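J.: Could you have a look at this structure, given as structure tokens, before my questions?
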Amino acid sequence: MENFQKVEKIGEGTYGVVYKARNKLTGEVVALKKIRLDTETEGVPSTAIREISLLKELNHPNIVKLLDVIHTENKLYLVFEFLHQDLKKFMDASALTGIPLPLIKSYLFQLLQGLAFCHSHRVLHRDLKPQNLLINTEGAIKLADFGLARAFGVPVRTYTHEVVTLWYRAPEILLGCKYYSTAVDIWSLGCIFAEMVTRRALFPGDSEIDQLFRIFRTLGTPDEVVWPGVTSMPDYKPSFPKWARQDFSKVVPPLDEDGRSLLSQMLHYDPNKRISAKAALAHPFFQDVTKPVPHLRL
Ligand SMILES: NS(=O)(=O)c1ccc(Nc2cn3cc(C(=O)c4c(Cl)cccc4Cl)ccc3n2)cc1
């Protein structure tokens, strides 16, 4: 740890503080994540240690590379490759004119590649969001904090008591499914996709029930017809209001039919009907995908 020199705090993270230190040996600039853990009264669980050690191997161009895991002093530090911008900041900077469709499509395509990879390794993200997607000057976008959920967990509030966003949570998670699948990442990515297109969060709930109900008001309250087994879910209430489904043309204009079609499949209620990352990659929406360069101001 003495091998690193912090240059500036860049994030409060969900597990701990994220610094932009420099490696004193190699001289590289990196993203240092400090996961708080005691020594005796706690001390990093062996389990998490082996989990994280498996993520060090999960290398893909669309996944932020985990350079190292330092456990010294009985504490946990994660050293990640550094990026200058996350998608949230980029969308905020592109709010006035909107991110060009070609770039939106490129990012969606790359992220699906990243997910296809992780998912083929039985590793799910669980908490995809704009702030966790990082981009560079070359037009690449990468999944960040991948696997750190299963490793540790996803708390309601971060160490800074900051509330965790529910906007991208799949319905099965909200309904209490304890053993959800890779389909949850596809849902989150679908929500992000819509947001890049419309320049407004698709389902900005501020509570679990508000999130669920916002989803219901748009996609219609799910029932046994569109989601077999939904009424038997841990948190499903027969008393849920019954809202009728809305047209996608009204949800993401002016996205073309191919994008709307693809989005509809990424937002299917039934996790088993929801399109997989691999299948999504073959969607007609991507027949003319390219890799534009974004206009980034670092
Ligand atoms: N705000 S902004 O656009 O200027 C902006 C945004 C990001 C960065 N640098 C950066 C942060 N960062 C975080 C991770 C992670 O793995 C990660 C951790 Cl550790 C905790 C929470 C979220 C993520 Cl993603 C991996 C690589 C990485 N590079 C610089 C500027």
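Convention: chains lettered A, B, ... in structure tokens order; per-chain residue numbering from 1; ligands numbered from 1 as shown.
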Write out as a PyMOL selection string the residues lying within 8 Å of range 206-212 of chain A, counting only C-alpha atoms and excluding same-chain residues fewer than 2 positions away.
T.: chain A and resi 165-167+171+174+203-204+214-216
J.: For N, CA and C atoms, I'd like the residues from the last selection saved as a compact mmCIF listing (two decimals), in the first residue's frame.
T.:
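See selection30.txt below for the written result:
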# COMPACT_ATOMS: atom_id res chain seq x y z
N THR A 165 -28.82 3.44 -5.82
CA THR A 165 -29.83 3.62 -6.85
C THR A 165 -30.55 2.32 -7.20
N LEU A 166 -31.86 2.42 -7.35
CA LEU A 166 -32.70 1.26 -7.65
C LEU A 166 -33.20 1.32 -9.10
N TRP A 167 -32.97 2.46 -9.75
CA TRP A 167 -33.43 2.71 -11.11
C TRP A 167 -33.20 1.61 -12.14
N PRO A 171 -36.94 -6.54 -12.19
CA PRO A 171 -38.12 -6.82 -11.37
C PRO A 171 -38.02 -8.04 -10.46
N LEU A 174 -36.45 -7.07 -7.28
CA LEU A 174 -37.38 -6.26 -6.50
C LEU A 174 -38.49 -7.10 -5.87
N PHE A 203 -36.85 4.31 -15.38
CA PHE A 203 -37.60 4.01 -14.16
C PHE A 203 -36.89 4.60 -12.95
N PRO A 204 -37.06 5.92 -12.71
CA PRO A 204 -36.40 6.56 -11.56
C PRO A 204 -37.14 6.45 -10.23
N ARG A 214 -43.24 1.94 -10.84
CA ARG A 214 -42.90 2.71 -12.03
C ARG A 214 -42.72 1.73 -13.18
N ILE A 215 -42.11 0.58 -12.89
CA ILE A 215 -41.93 -0.43 -13.92
C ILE A 215 -43.31 -0.90 -14.36
N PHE A 216 -44.17 -1.22 -13.39
CA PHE A 216 -45.52 -1.70 -13.70
C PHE A 216 -46.33 -0.70 -14.53
J.: Extract, using only C-alpha atoms, all DNA, RNA and protein residues at most 8 Å from range 255-265 of chain A, discarding same-chain residues fewer than 4 positions from it, and format them as a list in words.
T.: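 Near neighbours after the sequence-gap exclusion: residues 190, 193, 194, 197, 248, 249, 273, 274, 275, 280, 283, 284 and 285 of chain A.
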J.: Could you pull the residues within 10 Å of residue 135 in chain A, counting only C-alpha atoms, minus those fewer than 2 positions along the same chain, as a ChimeraX atom specification?
T.: /A:62,64,83-87,90,107,132-133,137-143,294,296
J.: Please, could you write that set of residues out with C-alpha atoms as an mmCIF file, in the first residue's frame?
T.:
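Heads up, here's the output in selection09.cif:
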data_model
loop_
_atom_site.group_PDB
_atom_site.id
_atom_site.type_symbol
_atom_site.label_atom_id
_atom_site.label_comp_id
_atom_site.auth_asym_id
_atom_site.auth_seq_id
_atom_site.Cartn_x
_atom_site.Cartn_y
_atom_site.Cartn_z
ATOM 1 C CA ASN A 62 -15.019 -4.392 -22.268
ATOM 2 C CA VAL A 64 -12.224 -2.867 -16.417
ATOM 3 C CA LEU A 83 -10.422 5.802 -16.768
ATOM 4 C CA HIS A 84 -11.225 9.496 -17.131
ATOM 5 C CA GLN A 85 -14.919 9.357 -17.515
ATOM 6 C CA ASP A 86 -17.974 7.292 -16.557
ATOM 7 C CA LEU A 87 -21.144 7.138 -18.644
ATOM 8 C CA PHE A 90 -20.800 11.669 -20.320
ATOM 9 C CA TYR A 107 -21.641 1.325 -26.382
ATOM 10 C CA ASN A 132 -20.271 1.893 -13.260
ATOM 11 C CA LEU A 133 -19.731 2.039 -17.012
ATOM 12 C CA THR A 137 -11.091 8.502 -25.750
ATOM 13 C CA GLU A 138 -10.890 5.616 -28.211
ATOM 14 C CA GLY A 139 -14.607 4.862 -28.095
ATOM 15 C CA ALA A 140 -14.473 1.905 -25.737
ATOM 16 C CA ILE A 141 -16.838 1.417 -22.802
ATOM 17 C CA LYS A 142 -16.230 -1.039 -19.972
ATOM 18 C CA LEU A 143 -18.089 -2.743 -17.168
ATOM 19 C CA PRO A 294 -16.764 10.356 -28.489
ATOM 20 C CA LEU A 296 -14.599 13.834 -24.385
#
J.: Could you list the protein, DNA and RNA residues that have any atom within 8 Å of ligand 1, counting only C-alpha atoms and all ligand atoms, and write them as JSON, numbers by chain?
T.: {"A": [10, 11, 12, 13, 14, 15, 16, 17, 18, 20, 30, 31, 32, 33, 34, 64, 65, 66, 78, 80, 81, 82, 83, 84, 85, 86, 87, 88, 89, 90, 131, 132, 133, 134, 143, 144, 145, 146, 298]}
J.: Emit the selected residues as a compact mmCIF listing (two decimals), in the first residue's frame, including N, CA, C and O atoms.
T.:
# COMPACT_ATOMS: atom_id res chain seq x y z
N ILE A 10 -11.74 10.27 -6.04
CA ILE A 10 -12.64 10.37 -7.18
C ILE A 10 -14.04 9.82 -6.95
O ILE A 10 -14.96 10.13 -7.70
N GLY A 11 -14.20 9.01 -5.91
CA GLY A 11 -15.52 8.45 -5.65
C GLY A 11 -15.71 7.93 -4.24
O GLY A 11 -14.75 7.58 -3.55
N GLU A 12 -16.97 7.88 -3.81
CA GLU A 12 -17.31 7.39 -2.48
C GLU A 12 -17.61 5.90 -2.55
O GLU A 12 -17.72 5.24 -1.52
N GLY A 13 -17.75 5.39 -3.77
CA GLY A 13 -18.03 3.98 -3.97
C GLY A 13 -19.13 3.40 -3.10
O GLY A 13 -19.71 4.09 -2.26
N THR A 14 -19.42 2.12 -3.30
CA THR A 14 -20.46 1.44 -2.54
C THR A 14 -19.83 0.59 -1.44
O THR A 14 -20.47 0.26 -0.45
N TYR A 15 -18.56 0.24 -1.63
CA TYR A 15 -17.84 -0.57 -0.65
C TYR A 15 -16.88 0.28 0.17
O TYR A 15 -16.58 -0.03 1.32
N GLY A 16 -16.41 1.37 -0.43
CA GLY A 16 -15.49 2.25 0.25
C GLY A 16 -15.07 3.42 -0.62
O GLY A 16 -15.73 3.72 -1.61
N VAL A 17 -13.97 4.07 -0.25
CA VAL A 17 -13.46 5.20 -1.01
C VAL A 17 -12.66 4.78 -2.23
O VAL A 17 -12.01 3.74 -2.23
N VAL A 18 -12.72 5.59 -3.28
CA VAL A 18 -12.02 5.28 -4.53
C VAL A 18 -11.10 6.46 -4.77
O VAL A 18 -11.55 7.59 -4.94
N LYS A 20 -7.45 8.09 -6.79
CA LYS A 20 -6.76 8.03 -8.06
C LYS A 20 -5.26 8.04 -7.82
O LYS A 20 -4.59 8.90 -8.35
N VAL A 30 -3.80 4.64 -11.58
CA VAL A 30 -4.81 3.61 -11.42
C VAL A 30 -5.96 4.10 -10.55
O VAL A 30 -5.94 5.22 -10.04
N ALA A 31 -6.97 3.24 -10.39
CA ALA A 31 -8.14 3.54 -9.57
C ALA A 31 -8.05 2.60 -8.36
O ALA A 31 -8.22 1.40 -8.52
N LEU A 32 -7.78 3.17 -7.19
CA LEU A 32 -7.65 2.43 -5.94
C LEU A 32 -8.93 2.45 -5.15
O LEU A 32 -9.45 3.51 -4.80
N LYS A 33 -9.45 1.25 -4.88
CA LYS A 33 -10.67 1.11 -4.12
C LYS A 33 -10.32 0.53 -2.75
O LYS A 33 -9.73 -0.55 -2.66
N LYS A 34 -10.67 1.26 -1.70
CA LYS A 34 -10.40 0.81 -0.35
C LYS A 34 -11.65 0.21 0.29
O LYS A 34 -12.59 0.93 0.61
N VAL A 64 -13.34 -3.57 -17.04
CA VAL A 64 -12.22 -2.87 -16.42
C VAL A 64 -11.32 -3.96 -15.81
O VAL A 64 -11.77 -4.81 -15.05
N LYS A 65 -10.05 -3.93 -16.18
CA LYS A 65 -9.08 -4.87 -15.66
C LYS A 65 -8.70 -4.65 -14.19
O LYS A 65 -8.41 -3.52 -13.75
N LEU A 66 -8.71 -5.73 -13.42
CA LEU A 66 -8.32 -5.69 -12.01
C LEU A 66 -6.84 -6.05 -11.98
O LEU A 66 -6.46 -7.23 -12.10
N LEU A 78 -8.35 -2.70 -3.86
CA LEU A 78 -8.49 -3.24 -5.20
C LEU A 78 -7.90 -2.21 -6.16
O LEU A 78 -8.27 -1.03 -6.12
N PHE A 80 -7.52 -1.00 -9.84
CA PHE A 80 -8.11 -1.10 -11.15
C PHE A 80 -7.46 -0.18 -12.17
O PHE A 80 -6.84 0.84 -11.81
N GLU A 81 -7.58 -0.55 -13.44
CA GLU A 81 -7.06 0.31 -14.50
C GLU A 81 -7.92 1.57 -14.41
O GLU A 81 -9.13 1.48 -14.18
N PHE A 82 -7.27 2.72 -14.60
CA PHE A 82 -7.90 4.03 -14.55
C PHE A 82 -8.55 4.56 -15.84
O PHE A 82 -8.01 4.43 -16.95
N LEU A 83 -9.71 5.19 -15.66
CA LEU A 83 -10.42 5.80 -16.77
C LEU A 83 -10.68 7.26 -16.41
O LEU A 83 -10.61 7.62 -15.24
N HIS A 84 -10.96 8.10 -17.41
CA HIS A 84 -11.22 9.50 -17.13
C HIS A 84 -12.67 9.85 -17.07
O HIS A 84 -13.00 10.89 -16.52
N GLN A 85 -13.53 9.00 -17.59
CA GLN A 85 -14.92 9.36 -17.52
C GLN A 85 -15.90 8.19 -17.39
O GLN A 85 -15.64 7.10 -17.89
N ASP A 86 -17.00 8.37 -16.65
CA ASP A 86 -17.97 7.29 -16.56
C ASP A 86 -19.13 7.75 -17.42
O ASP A 86 -19.22 8.92 -17.78
N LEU A 87 -20.01 6.82 -17.78
CA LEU A 87 -21.14 7.14 -18.64
C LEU A 87 -22.12 8.17 -18.09
O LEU A 87 -22.77 8.90 -18.86
N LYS A 88 -22.26 8.22 -16.77
CA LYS A 88 -23.15 9.19 -16.15
C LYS A 88 -22.67 10.60 -16.49
O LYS A 88 -23.44 11.43 -16.97
N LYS A 89 -21.39 10.87 -16.26
CA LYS A 89 -20.86 12.20 -16.57
C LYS A 89 -20.97 12.50 -18.07
O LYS A 89 -21.29 13.62 -18.47
N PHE A 90 -20.72 11.48 -18.88
CA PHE A 90 -20.80 11.67 -20.32
C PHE A 90 -22.23 11.99 -20.76
O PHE A 90 -22.46 12.89 -21.57
N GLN A 131 -22.93 5.08 -13.71
CA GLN A 131 -21.73 5.42 -12.95
C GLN A 131 -20.71 4.29 -12.91
O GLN A 131 -19.54 4.53 -12.60
N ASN A 132 -21.14 3.07 -13.24
CA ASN A 132 -20.27 1.89 -13.26
C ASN A 132 -19.82 1.54 -14.67
O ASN A 132 -19.21 0.50 -14.88
N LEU A 133 -20.14 2.36 -15.65
CA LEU A 133 -19.73 2.04 -17.01
C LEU A 133 -18.73 3.12 -17.29
O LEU A 133 -19.04 4.29 -17.17
N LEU A 134 -17.51 2.72 -17.66
CA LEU A 134 -16.43 3.67 -17.91
C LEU A 134 -16.03 3.72 -19.36
O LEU A 134 -16.01 2.70 -20.03
N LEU A 143 -17.35 -2.43 -18.38
CA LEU A 143 -18.09 -2.74 -17.17
C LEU A 143 -17.10 -2.62 -16.01
O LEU A 143 -15.99 -3.16 -16.08
N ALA A 144 -17.51 -1.92 -14.96
CA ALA A 144 -16.64 -1.74 -13.80
C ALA A 144 -17.36 -2.24 -12.55
O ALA A 144 -18.60 -2.19 -12.46
N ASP A 145 -16.57 -2.71 -11.59
CA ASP A 145 -17.10 -3.25 -10.35
C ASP A 145 -17.85 -4.54 -10.63
O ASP A 145 -18.81 -4.86 -9.95
N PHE A 146 -17.38 -5.26 -11.64
CA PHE A 146 -18.00 -6.52 -12.03
C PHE A 146 -17.63 -7.61 -11.04
O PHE A 146 -16.45 -7.81 -10.73
N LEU A 298 -11.65 15.93 -20.90
CA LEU A 298 -11.06 15.44 -19.67
C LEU A 298 -10.34 16.54 -18.90
O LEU A 298 -10.65 16.68 -17.70
J.: Check the smallest atom-to-atom distance from each of A:192, A:244, A:151, A:184 to residue 172 in chain A using only C-alpha atoms, then report the winner.
T.: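 That would be A:184, the residue with the smallest distance to residue 172 in chain A.
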J.: What is the CA of residue 79 in chain A to CA of residue 61 in chain A distance in Å?
T.: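 So the answer is 16.9 Å.
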J.: Tell me, as a ChimeraX atom specification, which residues lie within 6 Å of range 217-226 of chain A, counting only C-alpha atoms; anything in the same chain fewer than 3 positions away does not count.
T.: /A:213-214,242-246
J.: Next, the residues of the selection above should be written as a short mmCIF file (atom, residue, chain, number, x, y, z; two decimals), in the first residue's frame with C-alpha atoms.
T.:
data_model
loop_
_atom_site.label_atom_id
_atom_site.label_comp_id
_atom_site.auth_asym_id
_atom_site.auth_seq_id
_atom_site.Cartn_x
_atom_site.Cartn_y
_atom_site.Cartn_z
CA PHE A 213 -44.68 0.45 -9.54
CA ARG A 214 -42.90 2.71 -12.03
CA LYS A 242 -53.24 -3.56 -12.09
CA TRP A 243 -51.85 -1.14 -14.68
CA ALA A 244 -52.13 -1.66 -18.44
CA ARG A 245 -48.98 -1.82 -20.58
CA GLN A 246 -47.86 1.25 -22.55
#
J.: Using only C-alpha atoms, which residue out of A:40, A:71, A:189, A:232 lies closest to residue 1 in chain A?
T.: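 Nearest to residue 1 in chain A: A:71.
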J.: For residue 120 in chain A, work out the shell of residues within 10 Å, counting only C-alpha atoms and skipping chain neighbours fewer than 4 positions away, then give it as an NGL selection string.
T.: :A and (114-116 or 124 or 182 or 277-278)
J.: Kindly give the distance, in Å, that separates CA of residue 92 in chain A and CA of residue 163 in chain A, rounded to a single decimal.
T.: 20.0 Å
J.: Between CA of residue 254 in chain A and CA of residue 97 in chain A, what is the distance, to one decimal in Å?
T.: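 A separation of 13.7 Å between them.
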J.: Could you give me the residues within range 36-252 of chain A that DSSP places in strand (DSSP E), as an NGL selection string?
T.: :A and (66-70 or 76-81 or 85-86 or 133-135 or 141-143)
J.: If you run DSSP over the backbone, which residues in range 14-256 of chain A end up alpha helix (DSSP H)? Put them as a ChimeraX atom specification.
T.: /A:46-55,87-93,101-120,148-151,171-174,183-198,208-219,248-251
J.: Which neighbours of range 47-49 of chain A fall inside 8 Å, counting only C-alpha atoms, when residues of the same chain fewer than 3 positions from it are skipped, and could you give them as a PDB file with C-alpha atoms, in the first residue's frame?
T.:
ATOM      1  CA  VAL A  44     -11.404  -9.864   5.109  1.00  0.00           C
ATOM      2  CA  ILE A  52     -11.969 -11.573  -5.924  1.00  0.00           C
ATOM      3  CA  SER A  53      -9.022 -13.744  -6.982  1.00  0.00           C
ATOM      4  CA  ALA A 151     -17.779 -11.156  -3.558  1.00  0.00           C
ATOM      5  CA  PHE A 152     -19.120  -8.915  -0.798  1.00  0.00           C
TER       6      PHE A 152
END
J.: Do a neighbour search on residue 73 in chain A at 10 Å with only C-alpha atoms, toss out local chain neighbours closer than 4 positions, and write the hits as a list in words.
T.: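 In the requested format, the answer is residues 1, 37, 38, 39 and 43 of chain A.
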J.: Looking at only C-alpha atoms, which of A:150, A:295, A:24, A:121 is the one that sits closest to residue 51 in chain A?
T.: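 Under the stated criterion, the closest residue is A:150.
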